[PDB]
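2 protein chains.
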Amino acid sequence: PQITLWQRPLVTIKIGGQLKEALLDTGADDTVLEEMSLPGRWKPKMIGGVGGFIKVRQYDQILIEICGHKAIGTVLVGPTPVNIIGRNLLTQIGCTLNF
Amino acid sequence: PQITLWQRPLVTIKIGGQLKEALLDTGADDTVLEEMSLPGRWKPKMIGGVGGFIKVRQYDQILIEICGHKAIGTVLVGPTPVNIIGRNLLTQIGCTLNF
Ligand SMILES: NC(=O)c1ccc(S(=O)(=O)N(Cc2ccccc2)[C@H]2CNC[C@@H]2N(Cc2ccccc2)S(=O)(=O)c2ccc(C(N)=O)cc2)cc1
Ligand SMILES: [Cl-]
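If you're matching them up, the sequences are chains R and C in order. Under our numbering, the first residue of the first sequence is numbered 1, with each subsequent residue one higher. Under our numbering, the first residue of the second sequence is numbered 101, with each subsequent residue one higher.
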């Protein structure tokens, strides 16, 4: 699809068998989701921007469906105020900026 | 043009006659620039980041160019991790997300 930016570009995603709403975010290097369980190893990291930093757990090689597009990538999990899809997964679904 | 997302979508902008590097950020509702001088009166504005909400300065009807595309709109000034071109100006220059 071609997604307008008059409104936030929100999509439904499927991860861990659960459906969620997430923001397509070209400003974010990596994907960040609210607290949830995920399988496998993880390691802690801090991410930040306006207003500060939060602690997250970095899981790699996680499978995700975005708009009916299957991808594999890193997912950061932590107290984010909004679910974010970052460049690390936007590339995999072939997403580009166009004007 | 068409901008892929394997690296940060950093572009050159022009504002107050100066060239600056800025990030095209579809997760940002607004346009937020590093501390700088702008003409006219400003208004207070709250924005929310990963870490919380903060107060910044809002200037309206400011001329700004993005990759050479001229625009006039709202520009926020505050402690941002990088110059950010957000949805208000991305919309104005006709930018969409595509996959
Ligand atoms: N209202 C506005 O205009 C506004 C909103 C919010 C901001 S922000 O400063 O917060 N900011 C920009 C930013 C932050 C850090 C580096 C480059 C650019 C967010 C917008 N899109 C990317 C950022 N994030 C997603 C997000 C957070 C909050 C609201 C909407 C979207 S995030 O969760 O900070 C994050 C950080 C870092 C990483 C990582 N390291 O991978 C991933 C995710 C600025 C302006
Ligand atoms: Cl505007």
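Cβ atoms here follow ideal geometry from the backbone N, Cα and C, with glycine treated the same way.
C-beta contact flag for residue 149 of chain C and residue 52 of chain R at 8 Å: Against the second sequence, residue 149 of chain C aligns to sequence position 49. Against the first sequence, residue 52 of chain R aligns to sequence position 52. Going by C-beta atoms, residue 149 of chain C is nearer than 8 Å to residue 52 of chain R.
3-residue-minimum beta strand (DSSP E) runs that sit fully inside the segment 102-165 of chain C, ordered along the chain: 110-115, 118-124 and 143-149
CB contact below 8 Å: residue 50 of chain R versus chain C: Taking the first sequence and counting its residues from 1, one reaches residue 50 of chain R at position 50. Yes, its Cβ sits closer than 8 Å to a Cβ of chain C.
Residue 83 of chain R at chain C interface by Cβ criterion, 8 Å: As a first step, residue 83 of chain R is located in the first sequence; it is residue number 83 there, counting from the start. It does not: the Cβ of residue 83 of chain R has no partner Cβ on chain C nearer than 8 Å.
Collapsed DSSP secondary structure at residue 74 of chain R in the structure displayed: Taking the first sequence and counting its residues from 1, the one referred to as residue 74 of chain R is at position 74. Residue state, collapsed to three classes: strand.
beta-carbon residue 4 of chain R near ligand 2 non-hydrogen atom, thresh 7 Å: In the first sequence, residue 4 of chain R corresponds to position 4, counting from 1. Because no heavy atom of ligand 2 lies under 7 Å away, the Cβ of residue 4 of chain R does not count as near it: no.
Proximity test, residue 173 of chain C beta-carbon vs ligand 2 heavy atom, cut-off 7 Å: Looking up residue 173 of chain C in the second sequence gives position 73. Residue 173 of chain C: yes, Cβ under 7 Å from ligand 2.
Check: residue 32 of chain R C-beta below 7 Å from any heavy atom of ligand 4: Ligands displayed in this structure: ligand 1 and ligand 2; ligand 4 is not among them.
Residue environment, residue 160 of chain C, which counts as buried when at least 16 other CB atoms sit within 10 Å: Position 60 of the second sequence, counting from 1, holds the residue named residue 160 of chain C. Classification for residue 160 of chain C: exposed.
Residues near residue 165 of chain C by beta carbon distance below 8 Å, same chain, minus five either side: Translated into positions along the second sequence, residue 165 of chain C becomes position 65. Answer for residue 165 of chain C: 113, 114, 115 and 171, listed in chain order.
Local conformation of residue 96 of chain R per DSSP, three classes: Residue 96 of chain R sits at position 96 when you count from the first residue of the first sequence. Note: residue 96 of chain R maps to strand in three-state DSSP.
Residue 25 of chain R versus residue 10 of chain R: straight-line alpha-carbon distance, rounded: Residue 25 of chain R sits at position 25 when you count from the first residue of the first sequence. Residue 10 of chain R sits at position 10 when you count from the first residue of the first sequence. Whole-angstrom Cα-Cα distance: 9 Å.
Neighbour flag for residue 60 of chain R against chain C, beta carbons, 8 Å: Taking the first residue of the first sequence as position 1, residue 60 of chain R is located at position 60. Answer no: the Cβ-Cβ gap between residue 60 of chain R and chain C never drops below 8 Å.
Residue 123 of chain C versus residue 130 of chain C: straight-line alpha-carbon distance, rounded: The residue you call residue 123 of chain C lines up with position 23 of the second sequence. The residue you call residue 130 of chain C lines up with position 30 of the second sequence. When rounded, the distance between both Cα atoms is 12 Å.
Cα-Cα separation between residue 73 of chain R and residue 89 of chain R, rounded to whole angstroms: Locating residue 73 of chain R in the first sequence gives position 73, where the first residue counts as 1. Locating residue 89 of chain R in the first sequence gives position 89, where the first residue counts as 1. Approximately 6 Å, taken between the alpha carbons.
Cβ-heavy atom distance, residue 88 of chain R to ligand 2, below 7 Å: Against the first sequence, residue 88 of chain R aligns to sequence position 88. No.
Selected residue, minimal CA-CA separation from residue 136 of chain C, among C:178, C:193 and C:194: The count along the second sequence starts at 1 and reaches residue 136 of chain C at position 36. Taking only the C-alpha atoms, the option nearest residue 136 of chain C is C:178.
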